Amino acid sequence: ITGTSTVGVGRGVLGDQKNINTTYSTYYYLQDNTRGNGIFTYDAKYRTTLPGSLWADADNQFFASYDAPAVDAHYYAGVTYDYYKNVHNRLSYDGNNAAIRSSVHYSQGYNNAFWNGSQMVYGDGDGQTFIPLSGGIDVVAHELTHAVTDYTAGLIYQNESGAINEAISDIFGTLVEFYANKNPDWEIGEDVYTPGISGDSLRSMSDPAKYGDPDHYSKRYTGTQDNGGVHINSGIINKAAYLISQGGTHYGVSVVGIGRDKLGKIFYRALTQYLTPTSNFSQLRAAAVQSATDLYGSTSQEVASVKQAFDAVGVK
């Protein structure tokens, strides 16, 4: 809609208060005009019809419990946009400031979130396995990163290339979590998963095998479930990425960590410059070595650590 940019206030899924950019025109809408061609948040009204209605509010105050997932979807999409702009010089997901759209209150008791080719979509959860999924910044950044991948490398959602597609979204979801810097960790979905059980998460990057995911290529899932294990075999790449950043010894191979910022730069370059729709794990290793080489020199510690990290997870 056309109107006047302003700032409202609300409370997110976890009960925290935040300021959100809104637009005023009779109602106040969840439309942030300060970022690219805009961030837009929609109410799907417990249906599966998308996008639903642009979120309208009478008083620019968003403290109702119905409001909470909208507040967080809108706010964390802004943070994710800011991460890509400030850290990687990328304007929105397509690199030309495409408008970012999210719908919340999708369906009834829906325990997931996704990018559907055109926008983000967030379920409310069933209240015991998940609370509303937009409450996790790693989840929001994970979904938006799928749009980035789709506009760059185009990794197909199947088999090894799909596992890479998933790992990239976990990796940047985590980097965005650290960027916003409120209790960042190397776990995925911990803020919105199983409100009744503390200390757990959906997936772990530091130790994928904690939830039964492979942490070595020898343990890869070779069956047909989950599109050939795109959410399972991503553990192998997530572990490699954790080692590149933080360091450690894994299956007897020692890796000197080079830190989060270099991890991000190396993987963003691999993604946007060297990966293709059918890239496999061995091709990712090559893309990542070449990226680190480009950025830091063939005889750097950075290149050395990328090699040891992929050796440690058994990717040659």
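One-based numbering along the sequence shown.
- When 299 to 307 is weighed against 5 to 13, 299 to 307 comes out higher, by mean CA B-factor as recorded in the entry.
- A summary of the deposited B-factors shows that, of 142 to 150 and 177 to 185, the stretch with the larger mean C-alpha value is 177 to 185.
- Of the candidates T26, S53, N60, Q31, the PDB record gives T26 the highest C-alpha temperature factor.
- When the C-alpha B factors of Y157, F172, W115, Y122 are read from the deposited coordinates, the top value falls at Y157.
- In the PDB entry, a CA B factor belonging to the lowest third of its chain's modelled residues is recorded for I236.
- Placement of the Cα temperature factor of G38 within the chain: middle third of the modelled residues, per the deposited record.
- Annotation for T22: CA B-factor lies in the lowest third of the chain's modelled residues.
- In the deposited entry, the Cα temperature factor of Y251 sits in the top third of values across the chain's modelled residues.
- Remark: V71 belongs to the lowest third of its chain, ranked by C-alpha B-factor as recorded.
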